[PDB]
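*Asks:* Here it is, the structure, as structure tokens.
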Amino acid sequence: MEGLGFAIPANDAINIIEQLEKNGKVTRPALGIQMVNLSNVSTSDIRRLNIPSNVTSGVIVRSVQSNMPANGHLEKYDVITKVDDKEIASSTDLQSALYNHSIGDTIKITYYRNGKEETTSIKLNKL
């Protein structure tokens, strides 16, 4: 009967020489990806897509960082047409808007590959 354990925390070497002023975690947010509009939102992009109407053209990735998200979540081209339930057209427009309002906020990117709809959730890094 009965039972005694330990209830003792980890060791403490105490070896710090910096006051710092920030936090830290395992996985952090990222959004350092370069993209470009299909063609400045033109009729040519419409036919290239399939049969849009509410979107009309969009943005396509052409430079992934460490090919992390492109590893599978998205293709090399990654043609995103929707972002955070919002319509886009130019990488500079969506990038500026995102970095403008809602800092460090999480958004959902919706792209299409060979007529195959594919959406993924990604969190933008603040500061």
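*Asks:* Report whether or not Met35 is of a type outside the set (D, E, K, R) and in a strand (DSSP E or B).
*Replies:* Taking the combined requirement at face value, the residue satisfies it.
*Asks:* Do you know which residues across region 42-85 are part of a loop (DSSP other than H, G, I, E, B), closer than 15 Å to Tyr112 by Cα, of a type in the set (A, V, I, L, M) and touching a residue at least 12 places away in the same chain (Cβ under 8 Å)?
*Replies:* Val55, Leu74
*Asks:* Within region 2-14, identify whether any single residue is among the aromatic types (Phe, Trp, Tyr) and closer than 29 Å to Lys116 by Cα, and answer yes or no.
*Replies:* Among the residues of region 2-14, not one is among the aromatic types (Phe, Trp, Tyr) and closer than 29 Å to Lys116 by Cα, which makes the answer no.
*Asks:* Still on this structure: Could you run through region 83-118 and say how many residues are among the aliphatic types (A, V, I, L, M) and either loosely packed, with under 13 Cβ neighbours inside 10 Å or within 24 Å of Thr43 (Cβ to Cβ) (or both)?
*Replies:* 5
*Asks:* If you don't mind, there's one more thing I want to ask. Kindly provide the set of residues from region 100-112 that are free of Cβ contacts under 8 Å to residues at least 60 places away in the same chain, assigned to a loop (DSSP other than H, G, I, E, B) and in contact with a strand residue (DSSP E or B) (Cβ under 9 Å, 6 or more places away or on another chain), ordered by number.
*Replies:* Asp105 - this is the single residue of region 100-112 that is free of Cβ contacts under 8 Å to residues at least 60 places away in the same chain, assigned to a loop (DSSP other than H, G, I, E, B) and in contact with a strand residue (DSSP E or B) (Cβ under 9 Å, 6 or more places away or on another chain).
*Asks:* Give just the number: which of (1) farther than 16 Å from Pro29 by Cβ; (2) touching a strand residue (DSSP E or B) at 6+ places or on another chain (Cβ under 7 Å); (3) hydrophobic (A, V, I, L, M, F, W, C) does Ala97 not satisfy?
*Replies:* With respect to (1) farther than 16 Å from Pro29 by Cβ; (2) touching a strand residue (DSSP E or B) at 6+ places or on another chain (Cβ under 7 Å); (3) hydrophobic (A, V, I, L, M, F, W, C), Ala97 is out only on (2).
*Asks:* Another question, if that's okay. Step by step: first the residues of region 32-69, then only those that are closer than 22 Å to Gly104 by Cβ and of a type in the set (A, V, I, L, M), then the one that is nearest to the chain's Cα centre (by Cα). Which residue is that?
*Replies:* Selected residue: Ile33.
Ideal geometry is used to build each Cβ from the backbone, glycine not excepted, and the neighbour counts take in all protein chains shown. Values quoted throughout were computed directly from the atomic coordinates according to the rules given, and no laboratory measurement underlies them.
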